[PDB]
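To keep things clear, I will list the structure first and then write my remarks on it.
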2 protein chains.
Amino acid sequence: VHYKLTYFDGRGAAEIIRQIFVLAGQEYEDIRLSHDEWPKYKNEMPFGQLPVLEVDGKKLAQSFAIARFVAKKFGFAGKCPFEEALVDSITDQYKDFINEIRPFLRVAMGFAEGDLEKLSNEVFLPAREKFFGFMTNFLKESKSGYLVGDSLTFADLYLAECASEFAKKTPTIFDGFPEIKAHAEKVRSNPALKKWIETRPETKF
Amino acid sequence: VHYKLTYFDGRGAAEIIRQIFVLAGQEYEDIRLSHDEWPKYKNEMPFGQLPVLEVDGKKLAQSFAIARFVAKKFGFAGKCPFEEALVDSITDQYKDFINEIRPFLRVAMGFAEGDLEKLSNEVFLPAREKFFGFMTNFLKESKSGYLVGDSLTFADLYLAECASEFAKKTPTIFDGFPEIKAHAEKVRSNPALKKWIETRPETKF
Ligand SMILES: N[C@@H](CCC(=O)N[C@@H](CS)C(=O)NCC(=O)O)C(=O)O
Ligand SMILES: N[C@@H](CCC(=O)N[C@@H](CS)C(=O)NCC(=O)O)C(=O)O
């Protein structure tokens with residue numbers, strides 16, 4: 001079975017898919033297209049966008065559909081049909097949270113001008129508060145330290161990566177959410193992830 | 001196994017989940033909360049929102065996670081692991097298309113004021129053009145008349161329902177997309193769906 005994953009040069013929407021391959025021990029081509037060459041390849045993608053996974057020559061788009069596909073192959077999608085659905089509900093909520101902080105992310109990423117501190121105070125931190133409060137109710141219920149069931153799933157991976165990364169410039173992101181901080185530390189102490197985080201290309205996004 | 005599905009009184013984000021139960025022959029409680037009672041129950045929902053499915057007393061949120069869960073129980077999620085992922089990629093694209101026409105949908109639904117005809121011309125129809133063009137490439141490749149594989153999946157259900165419903169007030173919605181029109185007719189000639197469409201509560205959204 002050969003895997004190719006195509007994205008731009010950044011962590012962005014592809015990074016959890018890479019971490020699932022990392023945890024599985026599975027080799028894949030990590031293809032990172034430059035801005036200049038993108039218009040030449042856009043046409044090969046099912047919805048003209050990235051990331052795209054190619055699985056023995058067959059193309060699959062949509063980062064959550066790809067993460068789910070790879071997680072199910074390697075045992076990170078949840079351990080029974082109901083737990084898989086809980087994992088899916090959590091990643092769908094995370095997608096809503098990402099959509100909600102769009103105005104913040106567009107300025108923080110240089111794609112628009114605006115008042116970064118104000119967007120942080122008014123858009124990002126209030127949105128993280130609601131999202132972290134729902135994630136914390138899951139962690140209070142699991143009592144394994146993982147969001148769903150007794151072991152790591154790709155829902156754990158989206159939450160820890162986003163919490164750890166936002167923590168770099170938003171120092172107060174864990175204030176009032178000590179379970180969220182413990183989960184991110186627990187997930188990132190996974191030895192395979194920890195080494196990938198040290199070794200991966202160092203990019204702004 | 002007992003199923004309860006809670007939504008507001010409308011088709012909205014719950015309707016495909018209802019149609020999956022319809023096709024399966026599976027009975028469920030179709031719970032429809034009024035606007036006035038909503039604040040009393042919001043707290044029982046995992047992310048304070050609807051729809052929510054309850055499966056022998058266990059709650060599951062997020063309309064696509066629920067549709068997937070029910071479709072997988074009843075055989076409408078795709079017939080092998082790769083086809084399931086294609087079905088997921090198509091419903092994720094549909095969610096992007098829905099997010100893109102938000103400005104149109106907010107005015108059309110009375111939740112905001114604005115120029116409905118202009119939003120239709122500038123936001124809705126250009127967005128449907130890109131989305132219908134990608135869906136048509138799938139239908140050209142399938143040659144069964146379904147989006148993925150040889151039989152109906154819940155990806156077919158989202159596309160046909162949204163195309164048929166928008167067609168009611170947007171008369172030109174099929175112009176230049178004869179495959180999309182044939183797919184919606186094919187899906188809605190399914191006898192179980194056709195009877196549900198006649199029998200379901202008649203609501204504005
Ligand atoms: N819902 C999609 C979103 C994909 C997406 O936003 N792709 C961007 C990544 S920057 C892209 O390819 N933009 C380039 C373009 O649209 O041409 C997913 O989760 O994969
Ligand atoms: N991504 C969610 C969106 C759910 C959603 O938008 N729910 C609305 C339906 S009108 C809602 O419950 N609004 C009431 C509220 O937020 O209090 C899904 O697909 O289920």
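As the structure lists them, so they are numbered: ligands from 1, and atoms in each ligand from 1. First the proteins, then the strands, lettered A, B, ... as listed; each starts at 1. Note that these values count all heavy atoms, side chains included, but never hydrogens, waters or copies made by symmetry.
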- [ ] Measure the acute angle between the ring planes of A:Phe154 and A:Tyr158, then classify it against the limits of 30° and 60° as parallel, tilted or perpendicular.
- [x] perpendicular

Task: B:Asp56/B:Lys58 salt bridge by N-O under 4.0 Å criterion - done: no

TODO: Could you list the atoms of ligand 2 found under 4.0 angstrom from a heavy atom of B:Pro51?
DONE: 20 (O)

Task: Min heavy-atom dist A:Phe47 to ligand 1 below 4.0 Å - done: no

Task: B:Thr170 side chain to B:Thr172 backbone, donor-acceptor under 3.5 Å - done: no

Open item on the list: Please determine whether a side-chain nitrogen of the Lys or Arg among A:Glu165 and A:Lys168 lies less than 4.0 Å from a carboxylate oxygen of the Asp or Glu.
Closed with: yes

Open item on the list: Check contact between B:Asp96 and ligand 1, using heavy atoms of the residue and a distance below 4.0 angstrom.
Closed with: yes

TODO: Return yes when A:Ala13 approaches ligand 1 closer than 4.0 angstrom through a heavy atom, no otherwise.
DONE: no

Open item on the list: Looking at B:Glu84 and B:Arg68, is there a salt bridge between them, counting it only when a charged N and a carboxylate O are closer than 4.0 Å?
Closed with: no

Task: Close N or O approach (B:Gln49, ligand 2; < 3.5 Å) - done: yes

- [ ] Between A:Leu50, A:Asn99, A:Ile66, flag the one that comes closest to atom 12 (O) of ligand 1 by a heavy atom.
- [x] A:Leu50

Open item on the list: Using a 4.0 Å cutoff against the non-hydrogen atoms of A:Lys42, which atoms of ligand 1 qualify?
Closed with: 15 (C), 16 (O), 17 (O)

